[PDB]
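Chain by chain, the residues run as shown.
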Amino acid sequence: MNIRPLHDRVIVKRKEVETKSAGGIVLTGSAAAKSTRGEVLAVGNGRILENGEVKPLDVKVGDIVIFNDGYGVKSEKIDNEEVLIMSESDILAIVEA
Amino acid sequence: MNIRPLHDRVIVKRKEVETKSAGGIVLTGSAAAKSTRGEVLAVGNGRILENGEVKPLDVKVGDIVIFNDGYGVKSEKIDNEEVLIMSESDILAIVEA
Amino acid sequence: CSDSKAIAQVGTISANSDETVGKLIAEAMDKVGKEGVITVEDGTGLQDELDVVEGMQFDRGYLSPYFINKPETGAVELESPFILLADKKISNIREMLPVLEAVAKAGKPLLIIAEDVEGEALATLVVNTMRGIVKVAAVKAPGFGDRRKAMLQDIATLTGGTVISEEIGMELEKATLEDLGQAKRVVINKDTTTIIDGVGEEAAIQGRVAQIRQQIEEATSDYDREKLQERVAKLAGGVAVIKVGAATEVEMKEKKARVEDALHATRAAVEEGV
Amino acid sequence: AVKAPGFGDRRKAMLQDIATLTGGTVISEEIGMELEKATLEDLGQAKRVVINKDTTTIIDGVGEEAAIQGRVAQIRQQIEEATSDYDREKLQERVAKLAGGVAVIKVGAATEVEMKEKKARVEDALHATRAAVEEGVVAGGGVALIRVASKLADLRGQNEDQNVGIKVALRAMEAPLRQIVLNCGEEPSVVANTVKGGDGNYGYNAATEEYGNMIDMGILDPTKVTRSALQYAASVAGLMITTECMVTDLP
Ligand SMILES: Nc1ncnc2c1ncn2[C@@H]1O[C@H](COP(=O)(O)OP(=O)(O)O)[C@@H](O)[C@H]1O
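What counts, and at which threshold
Residues numbered from 1 in each chain as written, not as in the entry; some residues may be left out. Chains lettered and ligands numbered in written order. Part of a larger assembly, values for the part shown. Heavy atoms only, no water. Helix = DSSP H or I, 4+ residues; strand = E, 2+ residues; numbered from the N terminus. Buried < 20%, exposed > 50% of the residue type's maximum accessible area, 1.4 Å probe, protein only. Areas by Shrake-Rupley, 256 points an atom, 1.4 Å probe, with all protein chains shown as cover. Contact = heavy atoms within 4.5 Å. Buried area = accessible area lost by both parts, 1.4 Å probe. Salt bridge = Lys/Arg side-chain N within 4 Å of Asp/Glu carboxyl O. Polar contact = N/O pair within 3.5 Å; in protein donor to acceptor, adjacent residues only side chain to side chain. Nonpolar A, V, L, I, M, F, W, Y, C, P; charged D, E, K, R; others polar. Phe/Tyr/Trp six-rings, centres within 6.5 Å; stacked < 30°, edge-to-face > 60°. 1 Å grid on protein atoms, 1.4 Å probe; cavity = no way out; pocket = protein on both sides within 12 Å on 5 of 7 lines; lining within 4 Å. Points joined across faces, edges and corners; volume = space filled by probe spheres on them. Near = heavy atom within 4 Å.

This entry lists X-ray crystallography as its structure determination method and reports a resolution of 3.660 Å.

Okay, here's the thing in structure tokens:
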């Protein structure tokens, strides 16, 4: 029941934060609203360039990450839960504990 | 709680609004100029180009920089603060005090 | 001609010996003071009625029924609120936001006046007043474009706030707590809005009323004199409306004609004597 | 699935009726409840529901009558308004649908010409009964106006002219009865007199062409209609006799 991403692709579930929180304490929002952040469930093999080798994916797993929601990301639903599939190229940054 | 951008991407805060007096000739105005400058919060490992491995970005931190903002820059809010995420290629030169 | 008796008399005479009308006008002129306005509309029921609205009240309602505080009466009450005066219709909440955050930390409610408030902004505003994040209310500006833009400065100077004019170098994103107007209370229902005890200087008020008196002598009579003095009334005095009772429409015409006659005549007595 | 009952805003108001009646909650897009998220408790309950090409029906609400009757009572503040009966038909309709019931009378006839007149008399009787219920009734056969006229005989005005005006009105209140009698081709003077000879509700029954007690004979005029008819007549006739001049277009 576990799906493994291939190559440069990673799979993460967004955390639903009920958007903003704008811009300070504390406001809600109606349009232009959606989870921009999430935790990484799984990671692919890595990028393949020139076949120097497959250089993996500077983004480890169970990392909390910020990402850009483009066309490149697609959502698919595994048992009982919806999750999203994206390429590391689409990932912006990582939050540290 | 420092968030690390990955690869060629850096995260920058927008700089101030309105218009200077520029010798006194310049005064507040309707025509708007929006943040063509900013201070860099954090920086990634570097770019990876066709086995050209990791080239460390030429832009240090707390540098004051000018940039052109396309879609390549994305607006995100960290620590309830508005910030921009962009690639070093999207960053123009850097001014010295 | 000064005392309410004499006024009532010339009223009665011009009204073809209807004493009720004569007393009504003297009474009204007494209640709304000088500069106060008196108008007459067709009455629902058979008896004559005098209605009096004191102070600053304009006819617009709350944009969403959810804004209601202290129901019933489907009314919204804001105690010592901030008044926000915008020349433009409000669509996005982005441009709206900074000032609202400034007021939420301020401890106070907020009142909104603009051309209109479109969906995204109303929705965001309603949800925020519901969650109990902020007490807020929003109503349209009083008139048609030149009329409403003209009255916005009245309401502004009355409440001591400054109108945000896109057509000057104030943009709504940049706004300050000092740009906001203040009042003792405001009360809104589906029909009318009321500003109680505005904090604007008595100096500024008599200044704008004086500035309107130069508009009073303007060469265009009837409504221009009528709707302008109306504005004056709202700032200093109060407004009154006389509803004419009649059984049938023809009686309504006769009585109401006599009433406006008596009205003009009493005003004439006040001005030129008898 | 069925469309909601009315035109948009009134109907939006009626959705809340359905909601509180069935103990369910309306999903309002303009609040921080979202159309996508709703739970089984958000739904309303009913004993049964029935739908056809025409109407939708709920056989009962599962919501407690405290809250419901709270809403039937609170809509009454909305009952009086500047919209007269326009609001009252569909609002009392609303109240009834929650509490009371709605009724429709189908008027039978053989032909269209009979149909129109018959239905006219029916709508007349409906208005009349509503008026009777509302303001009460007084003795029919035009005996009311003449009866009050007899009580006003001592009423006098400021000057002789006004006296004559009063006497004119009091004379004119005999008109309805005299006309009723007259349509039978009988002496209005005699019947009106023999009625003025009587007291109380003593009057003339025109169908049986005999005298008697009106209320006992079940001949009733709703007070509202007699009151209104007299008031309105005097309003226009009064103005109409003050005419010293008339201006019009050329023939
Ligand atoms: N059988 C009757 N005997 C005497 N008076 C009657 C009888 N039926 C009706 N009337 C009177 O006649 C009047 C009815 O008038 P009608 O012909 O219905 O026109 P309208 O109702 O517009 O006056 C009522 O005031 C009623 O009291």
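> Can you help me understand the overall build of chain A in this one?
Counting secondary structure elements, chain A contains 0 helices and 8 strands. Taken over the C-alpha atoms alone, chain A extends approximately 50 × 30 × 30 Å along its principal axes. Relative to its full complement of 97 residues, chain A shows a buried share of 36%. Surface summary for chain A: the accessible area is close to 6000 Å², and the carbon and sulfur share equals 51%.

> Honestly, the arrangement of the chains in this entry has me stumped. Any pointers?
Ranking by contact count across 4 pairs of chains in contact places chains A and B at the top. Structurally, chain A and chain D remain out of contact, their C-alpha atoms never closer than 8 Å. No interface is formed between chain B and chain D, the nearest pair of C-alpha atoms being 22 Å apart.

> How do you make sense of the interface of chain C and chain A when you look at a structure like this?
By a widely used convention, the size of an interface equals the accessible area lost when the partners come together. Every contact between the two is made by 13 residues of chain C and, on the other side, 12 residues of chain A. Across the chain C/chain A interface, buried area totals approximately 930 Å², and carbon plus sulfur atoms make up 54% of it. When the buried surface of chain C facing chain A is broken down by residue, C:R94, C:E101 and C:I133 rank first, second and third, together holding 37% of it. Viewed at the interface, chain A and chain C are joined by 0 salt bridges. For the pair chain C and chain A, the interface holds 4 residue pairs in polar contact. Breaking the side of chain C that touches chain A down by element, the ones donating at least two residues are α3 (97–106) and α4 (119–131) of chain C. Examining the composition of the side of chain C that touches chain A, we find that 6 residues originate from one element, α4(C), more than from any other. Taken together, the residues of the side of chain C that touches chain A sort by class into 6 nonpolar, 2 polar and 5 charged.

> Looking at this structure, I do not really get the packing of aromatic side chains. What am I missing?
Each aromatic ring pair is described using two quantities: the centre-to-centre distance and the angle formed by the ring planes. All names here are of chain D. Evaluation of the coordinates by the stated rule reveals 2 aromatic pairs over all chains. Residues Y202 and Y211 carry aromatic rings whose centres are separated by 5.9 Å and whose planes lie at 35 degrees to one another, so their mutual orientation is tilted. By relative accessible area, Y202 is classed as partly exposed at 30%. Ring pairing ties together the aromatic residues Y202, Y204 and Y211, which thus form one cluster.

> Is there a simple way to explain the layout of surface pockets in this structure?
Rolled over the atoms, a probe as big as a water molecule pinpoints where empty space is left. Here the second largest pocket is characterised by a volume of approximately 1600 Å³. For the lining of the second largest pocket, the secondary-structure elements that each account for two or more residues are β2 (9–14) and β6 (81–87) of chain B together with α3 of chain C. Class assignment for the residues of the lining of the second largest pocket results in 16 nonpolar, 14 polar and 19 charged.

> Would you explain the site of the ligand in this entry?
All names here are of chain D. What surrounds the ligand is the set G140, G141, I180, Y204, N205, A206, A207, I219 and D221. Take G141: an N or O atom from its main chain is 2.6 Å from an oxygen atom of the ligand. Isolated, the ligand exposes 570 Å² of accessible area, and the fraction of that covered by the protein chains is 40%. Of the residues in the shell around the ligand, the class split is 5 nonpolar, 3 polar and 1 charged.

> Just to check I follow, could you spell out the environment of C:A175 for this structure?
Residues and elements named next belong to chain C. Here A175 shows up in the loop between α5 (145–159) and β8 (181–188). Since its relative accessible area comes to 24%, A175 is described here as partly exposed. Here the alpha-carbon distance between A175 and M96, two residues 79 residues apart in the chain, equals 9.1 Å.

> Can you help me understand the pattern of salt bridges in this one?
Any two side chains of opposite charge can pair if their charged atoms end up close together. Residues and elements named next belong to chain C. Scanning the model with the defined rule gives 32 salt bridges over all chains in all. For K255, the salt bridge is made with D48, and the minimal N-O distance between the two is 3.6 Å. In this pair, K255 sits in helix α8 (residues 249–272) while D48 sits in the loop between β1 (37–42) and β2 (49–54), placing the two residues 207 residues apart along the sequence. On the accessibility criterion, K255 (14% relative accessible area) is buried. The shortest N-O distance in the salt bridge between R185 and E77 comes to 3.4 Å. Taken together, the residues span a long stretch of sequence, with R185 in strand β8 and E77 in strand β4 (residues 76–79) at a distance of 108 residues. Within the structure, one salt-bridge network assembled from shared partners comprises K70, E77, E79 and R185.

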